[PDB]
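Input: a single structure, listed below in structure tokens.
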Amino acid sequence: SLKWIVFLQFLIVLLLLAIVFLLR
Amino acid sequence: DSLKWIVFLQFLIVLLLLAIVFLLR
Amino acid sequence: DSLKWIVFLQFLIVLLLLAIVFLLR
Amino acid sequence: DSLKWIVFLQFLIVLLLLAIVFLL
Amino acid sequence: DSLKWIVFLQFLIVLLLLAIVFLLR
């Protein structure tokens, strides 16, 4: 489960990067 | 247990973040 | 317990993202 | 000490999301 | 060290949320 927790954290960071890019 | 709920909630968060990206785009 | 608090705060994060989605529409 | 910091950072994330909700 | 990755990613999330707050107003 920890592997998937870390992987989904990766995904969340990438999506937040997309959101910050769109706001800019 | 707790970790399964963490994974499920993180998946829900991913879906919601995708929805926010779609709304912004 | 740390894990229970993490799960509950994850649930709150899900609620907050839902509220953000509602506000964006 | 990792779990303590994870809980604290989750709390910070909740606070920041609340700030964003108020701003919106 | 999965926990160290989790902490680092959480800190990244905090920084991105601070940037979002700055961009909002």
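Report the per residue volume, in Å³, of the convex hull enclosing the C-alpha atoms of the protein assembly as shown.
Expressed per residue, the convex hull around the Cα atoms of the protein assembly as shown is 93 Å³.
Count of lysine pairs in the protein assembly as shown with Cα atoms under 15 Å apart, counting only pairs 8 or more residues apart in sequence or on different chains?
So the count of such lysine pairs works out to 5.
Summing -39500 (n - 2.57) over the DSSP H runs of n ≥ 4 in the protein assembly as shown and dividing by its residue number, what mean residue ellipticity at 222 nm do you reach, to the nearest 500 deg cm²/dmol?
Value at 222 nm, helices only: -32000 deg cm²/dmol.
Where a number appears in this text, it was derived from the coordinates with a stated rule and is not lab data.
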